[PDB]
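*Asks:* Just need the structure, nothing else, for what follows:
(chains A and B)
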2 protein chains.
Amino acid sequence: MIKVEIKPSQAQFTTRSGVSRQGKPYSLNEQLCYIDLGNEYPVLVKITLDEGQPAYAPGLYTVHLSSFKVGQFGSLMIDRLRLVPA
Amino acid sequence: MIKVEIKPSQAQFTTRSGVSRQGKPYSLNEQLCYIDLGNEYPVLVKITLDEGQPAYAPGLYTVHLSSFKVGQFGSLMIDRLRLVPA
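*Replies:* Residues are numbered from 1 along each chain as shown, chains lettered A, B, ... in the order given. Sharing the structure here:
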């Protein structure tokens, strides 16, 4: 299991916006977190949230299976990091 | 934890080869596996092995933390799926 932490300072998201190739508006909400990748300290990672989802509250989390998909070359890829409480 | 299975029929690797941009030879060993992504059946996924590593034997495995890295846009990515026995 991957250990993800949302620190007290990371409790908010920011929003970027724009227009798709054929005219549709979009909005993307982004939040930061720390992930332990086995180095001396956890590293900073950007998360893009799914539509209609609030920012994750401070605390410890792990990664949900729905984060992964098989890519166009047949290998596993991350789609979006989706988190669940630890 | 991600459940990965190497079936009896997937006990071998194949090797692809070529030459890098500035002249060096390379060889890549590839093996197939089944990964449970929560659909009705596990899906087929291609793994590229690390240098000097044998094919994983048939059995159940999970994903090692060393499979992940932070990508050039600050989000988590899979580098190569590295497995450890379940």
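
*Asks:* What residues are bridge-paired with the nearest residue to residue A:85 once chain neighbours are set aside?
*Replies:* Ranked by C-beta to C-beta, 6 or more residues apart in numbering or on different chains and with sequence neighbours excluded, the top spatial neighbour of residue A:85 is residue A:61, at 5.9 Å. For the C-beta atoms, the positions are set from N, CA and C on the backbone; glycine is no exception. For residue A:61, the beta-bridge partners are residue A:4, residue A:85 (DSSP bridges).

*Asks:* who touches residue A:61 in this structure?
*Replies:* Each residue near residue A:61 by C-beta atoms under 8 Å, 6 or more residues apart in numbering or on different chains is listed here: A:4, A:5, A:6, A:33, A:83, A:84, A:85, A:86.

*Asks:* Highest neighbour count among these?
*Replies:* residue A:4 (23 neighbours; other C-beta atoms under 10 Å in any protein chain shown).

*Asks:* That one touches residue A:34, doesn't it?
*Replies:* Yes: counting by C-beta atoms under 8 Å, residue A:4 does reach residue A:34; the two are 7.2 Å apart.

*Asks:* Run a quick neighbour tally on residue A:28.
*Replies:* Neighbours of residue A:28 under the rule other C-beta under 10 Å: 13.

*Asks:* Would you check how far apart it and residue B:77 are?
*Replies:* When distance is defined by C-beta to C-beta, to the nearest Å, residue A:28 is 18 Å away from residue B:77.

*Asks:* Residues of chain A that sit close to chain B?
*Replies:* Contact residues (C-beta under 8 Å from any C-beta of the partner chain) of chain A with chain B: A:1-2, A:35-38, A:43-48, A:65-66, A:68-70, A:73-78, A:81.

*Asks:* repeat that for 7 Å
*Replies:* The interface of chain A toward chain B, taken as C-beta under 7 Å from any C-beta of the partner chain, is made up of A:1-2, A:35, A:37-38, A:43, A:45-46, A:65, A:68, A:70, A:74-78, A:81.

*Asks:* Among these, name the ones in strands.
*Replies:* If you go by DSSP state E, the residues of chain A next to chain B have A:35, A:43, A:45, A:46, A:68, A:70, A:76, A:77, A:78 in strands.
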